[PDB]
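There are 6 protein chains.
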Amino acid sequence: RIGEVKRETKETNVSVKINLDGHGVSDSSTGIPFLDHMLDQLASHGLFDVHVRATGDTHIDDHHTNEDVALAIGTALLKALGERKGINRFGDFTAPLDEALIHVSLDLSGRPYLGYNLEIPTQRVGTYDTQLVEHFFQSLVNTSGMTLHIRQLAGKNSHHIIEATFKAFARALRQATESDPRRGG
Amino acid sequence: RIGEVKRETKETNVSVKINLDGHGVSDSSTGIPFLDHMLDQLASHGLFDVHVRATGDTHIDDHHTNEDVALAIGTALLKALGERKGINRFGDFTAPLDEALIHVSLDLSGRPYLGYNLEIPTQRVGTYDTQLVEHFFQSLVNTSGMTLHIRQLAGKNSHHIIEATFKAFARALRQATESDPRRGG
Amino acid sequence: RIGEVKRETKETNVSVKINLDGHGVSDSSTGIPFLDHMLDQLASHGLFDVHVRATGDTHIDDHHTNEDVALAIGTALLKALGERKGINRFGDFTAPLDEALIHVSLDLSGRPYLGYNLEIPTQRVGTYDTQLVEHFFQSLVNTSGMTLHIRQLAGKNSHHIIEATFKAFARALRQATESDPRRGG
Amino acid sequence: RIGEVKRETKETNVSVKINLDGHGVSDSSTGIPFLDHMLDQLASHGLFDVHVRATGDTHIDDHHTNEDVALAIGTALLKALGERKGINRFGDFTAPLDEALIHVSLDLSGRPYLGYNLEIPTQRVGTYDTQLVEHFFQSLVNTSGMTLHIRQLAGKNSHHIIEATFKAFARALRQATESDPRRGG
Amino acid sequence: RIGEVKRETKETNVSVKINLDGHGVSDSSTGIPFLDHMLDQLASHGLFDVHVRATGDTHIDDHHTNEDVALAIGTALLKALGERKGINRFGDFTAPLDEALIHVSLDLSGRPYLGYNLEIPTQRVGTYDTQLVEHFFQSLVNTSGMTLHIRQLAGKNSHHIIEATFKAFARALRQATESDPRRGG
Amino acid sequence: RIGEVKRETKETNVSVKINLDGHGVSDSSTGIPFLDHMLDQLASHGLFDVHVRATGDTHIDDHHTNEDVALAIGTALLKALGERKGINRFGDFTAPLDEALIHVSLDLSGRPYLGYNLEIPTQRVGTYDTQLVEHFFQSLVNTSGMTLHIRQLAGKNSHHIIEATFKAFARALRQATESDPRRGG
Ligand SMILES: O=P(O)(O)C[C@H](O)Cn1cncn1
Ligand SMILES: O=P(O)(O)C[C@H](O)Cn1cncn1
Ligand SMILES: O=P(O)(O)C[C@H](O)Cn1cncn1
Ligand SMILES: O=P(O)(O)C[C@H](O)Cn1cncn1
Ligand SMILES: O=P(O)(O)C[C@H](O)Cn1cncn1
Ligand SMILES: O=P(O)(O)C[C@H](O)Cn1cncn1
Ligand SMILES: [Mn+2]
Ligand SMILES: [Mn+2]
Ligand SMILES: [Mn+2]
Ligand SMILES: [Mn+2]
Ligand SMILES: [Mn+2]
Ligand SMILES: [Mn+2]
Ligand SMILES: [Mn+2]
Ligand SMILES: [Mn+2]
Ligand SMILES: [Mn+2]
Ligand SMILES: [Mn+2]
Ligand SMILES: [Mn+2]
Ligand SMILES: [Mn+2]
């Protein structure tokens, strides 16, 4: 079960491929290094094999090369799934880091939606603009065709809240499409 | 594992049977057609085989023929279970529709309770009186002997909130009694 | 410039075709008659030729046969456009009815968004559920791939506010894609 | 998989052993009888085999013999686990009693934390000082090395809230370390 | 219709030329790269041919080399126009990006004014100081001799609000001076 | 009295050694230079001999290489102490910088706790993320096994508040364990 999408514009050049049924292998180098620590989380905890290579204009702000990565993961994930048959289709999970809880629920059925209730106190994490985290999941929703609710329940630390939502999105994505129920189709 | 209850009063005539271990088959025609769309949800997502035939006085308000359907599903579900042995007994699940989250938790152990926190903005959905949804689960609780907490977390659409709680009740009922733990009894 | 989409599920059967460059001709019969008065407005004021034939389950609530009409207009409108070249791409317009102003702005470039600020006082217009008007434009946005801002500026009348936003959406859709600028491509 | 810890000070004398992979057997007599009803819950619902023998100074307040029990369960649970390999590592669960919901989430990875949001109305349950329940889980966190979030969602009954958090901690501890994912190590 | 202004002080060295009647060609390299992405917008959407070469002291803050660019565009734009005859003279436009609306209105008649109602949440975009955007249009107003009202109507994203006002200023500047009415002079 | 801890993970490589009874000598180079100015303060004012060598991934945010330094100082400090005998065990001190008072109290007896009441106005000091100062003392508490209360009493300057708490922690750590009372053991 693999979907691979290449996509190149005048701003970015994005190469994306995902094995949906796989192991904790990860090779994914974007132009900004903080996404590389977050795409490790949906490889080791979601047990996906994700491969991202993106070259973009970080000479200017990082908004352009974060859209085109997140848009390409969704088109690869819509192409990874087929005619949706024999999957659980519902993924819900909550995951603590230190002091912080995120609850992530998702639907993976045609219709795109993003509910976003996180509030990050600081404006940069290391060098990541921190207003792009909602824009990562907004771009992932619009091409994958999924409903997604992300809710913060506790916690005040910028590196801890963003890493609690990428562990909880990974565990709730391998519960929806990766696992299978008792029915056949 | 089947329980079947017939029940007839001067107002209604209700025939109800449930296969608790079954597939996504559904034949259930009540006097009001909007329940028929909701009992489809606890057949396809709960993987139950539910059979409801009710004839009642919809010449007057629909309050009378909604009690006697919901009372008969519970007596059939108490008769579907036996001496409760080797079941998980706890069912919790949250399920998104577009913009709306419902969290449903349940207990299935003797004691009846209903906590209800939904707030529906409109007063009719198509023709369904919308004040009967809490009364559906109040009648189902009192005969099944279960604790039930239903909590709205987001969402403003009458057809979306009621369909998000009948998908989440179904997935949380096939987690409590249908699945079995590692112990035998 | 024509796009035609047929779409049939277990609930509805929808046939939709749009001439984007056309005249004020209109033949469009949905299962609910109040949409037929509103699709007249995007034919005579938008100068589109829209043809809708939908058969659906109005035996239950009208939510199901309003999605599948609005989803099919968008896929027809994405197929009416091609590689977007030589269009204005921006459509903004405000249109009064009696006492009521709606301001509609749109983008037609890939990314879907809906901003909705209307507040209708009553719950039915004639028989139309009135909570579906936002759901009409939510379904039209997700398949057409357009940003859409709809803002109420004045007015308290249910038939006047909904008819002021379907005149202003029509005039702002024939300004974006139908008219052409001085450039060639 | 067994860890056994003996620990004796001038105040208490505590003997603690836990089979982490086991059945619903329970023999655990502390000096105060209300802990004995609560350690039954993490034996039958968590499917652990816990053995506690503690003799302490209940001639004075029960604060001293509740620390040393809860400190010894954690050191036994850190010794029950080894090099943490091939476990789910995340345990989240919510469990109703009558009218009361507790949501318990946990992490079991090195770092200790306790978030506590319960509010018990009365000051004694039978004879248990009721300000020690947070101190039970504070002592269990500091030696086990786990993050733990405990959140009350409803309910006003002292015996019902404390028994809803010891059923939900047990089900969320046999989900984190007891169950195993599809990966090997 | 071309105006070209060279201007050099002890701090900056600015070379600016604008073809007002032209096409979507753009070669404009300032010392800070985020202006280069914004001056692309008034070339492709305004259909102007703008040429900016500025060398300045970005060894210190960027306030000095943003004034002298914006002051030189206005003197070039006052020299691009002549005795104002046969132009529309009024330019108003609103332009959505994702979630954000800016309404820009302008006058181009002698008298300088700037109304500014934007509120940007963050303090840097990539490396641009974000308090200079109002100072860009304040310097452009004082030399061009135009009234300018900029009003935010929605939106919370720093890169989206600033790019929605440079698309709407461009479309409202090619409506005022570039297009011509039915009168001759 | 020396404890030395080496610790290496996939992210960092930390070498830490502390002479608890020593002089004002300091050689400690972490990957981020602002910790090096703060570990000078617990060498000259605490009269400790601390040696830290850490190599970590400052290619991404500094959160990872600040945990593993602070975790290694605590394990070295627990190994510096032995069976705690003949020490004062209580350390309390308040220390002014310009306009700012911090009161630091500590316990060094088994049980870990951190109370943190500082509020820093800015978000970076030079390049240090400033949300990590509480996370420094949270990691130092969990491995050393000490209670620690840090309270701000006055002051508004980011470099002055953080340097007032590292002078007051040093003087309160050489009062607890370094000095000895009149008793022998
Ligand atoms: O969760 P872990 O312990 O497996 C490693 C984390 O990814 C690193 N971390 C520590 N604090 C925040 N992130
Ligand atoms: O959830 P689906 O997409 O399987 C079909 C829904 O039952 C129909 N629906 C669409 N909006 C509200 N209900
Ligand atoms: O706008 P008109 O006058 O062309 C006809 C309207 O469509 C009918 N109407 C009158 N009030 C509300 N709608
Ligand atoms: O939950 P049960 O019914 O298995 C027995 C309970 O432990 C006893 N109880 C009844 N109310 C509060 N506790
Ligand atoms: O508006 P577009 O899609 O033509 C390209 C934008 O300029 C890039 N962008 C995407 N988000 C914010 N800016
Ligand atoms: O406290 P001092 O004067 O010994 C030197 C300080 O460490 C340097 N300093 C001056 N302001 C803030 N820090
Ligand atoms: Mn964007
Ligand atoms: Mn991390
Ligand atoms: Mn009743
Ligand atoms: Mn439905
Ligand atoms: Mn819908
Ligand atoms: Mn009308
Ligand atoms: Mn205590
Ligand atoms: Mn009890
Ligand atoms: Mn200035
Ligand atoms: Mn841009
Ligand atoms: Mn951390
Ligand atoms: Mn200093």
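Protein chains in written order, with the authors' numbering: chain H, 11 to 195; chain U, 11 to 195; chain A, 11 to 195; chain E, 11 to 195; chain D, 11 to 195; chain L, 11 to 195.
All C-beta atoms, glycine included, are put in the ideal place defined by N, C-alpha and C.
Three-way DSSP call (helix, strand, coil) for residue i in this model
i       : result
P122(D) : coil
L158(L) : strand
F100(E) : coil
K177(U) : helix
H69(H)  : coil
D46(U)  : helix
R134(E) : coil
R192(H) : coil
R94(A)  : coil
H61(E)  : strand
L163(E) : strand
Backbone CA spacing between residue i and residue j [nearest angstrom]
i              : j       : result
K16(A)         : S149(D) : 55 Å
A180(H)        : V35(H)  : 14 Å
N152(D)        : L183(D) : 16 Å
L128(E)        : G165(E) : 10 Å
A64(A)         : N23(A)  : 6 Å
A80(L)         : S115(L) : 19 Å
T85(D)         : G13(D)  : 8 Å
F103(L)        : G56(L)  : 12 Å
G155(D)        : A90(D)  : 13 Å
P106(L)        : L158(L) : 19 Å
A174(A)        : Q51(A)  : 10 Å
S119(L)        : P191(L) : 16 Å
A53(H)         : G195(U) : 38 Å
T19(U)         : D59(U)  : 25 Å
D31(U)         : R193(H) : 12 Å
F176(A)        : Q185(D) : 26 Å
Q133(D)        : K27(L)  : 41 Å
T137(H)        : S168(L) : 20 Å
residue 235(L) : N76(L)  : With chain L running from 11 to 195 in the structure shown, residue 235(L) is simply not present.
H113(L)        : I160(L) : 6 Å
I130(A)        : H74(H)  : 38 Å
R121(U)        : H170(E) : 13 Å
Extent of the continuous beta strand (DSSP E) run through residue i
i      : result
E14(H) : 12 to 18
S38(D) : 36 to 39
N29(H) : 23 to 29
Residue i, enclosing alpha helix (DSSP H) - first and last residue
i       : result
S115(U) : Unbroken run through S115(U) is the beta strand (DSSP E), 111 to 116; no alpha helix (DSSP H).
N76(A)  : 74 to 90
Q51(D)  : 51 to 54
### Task
Pull every residue with its beta-carbon under 7 Å away from any heavy atom of ligand 16, and keep them in chain order.
Those satisfying the condition are, in chain order, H73(H), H74(H), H47(D), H169(D), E173(D).
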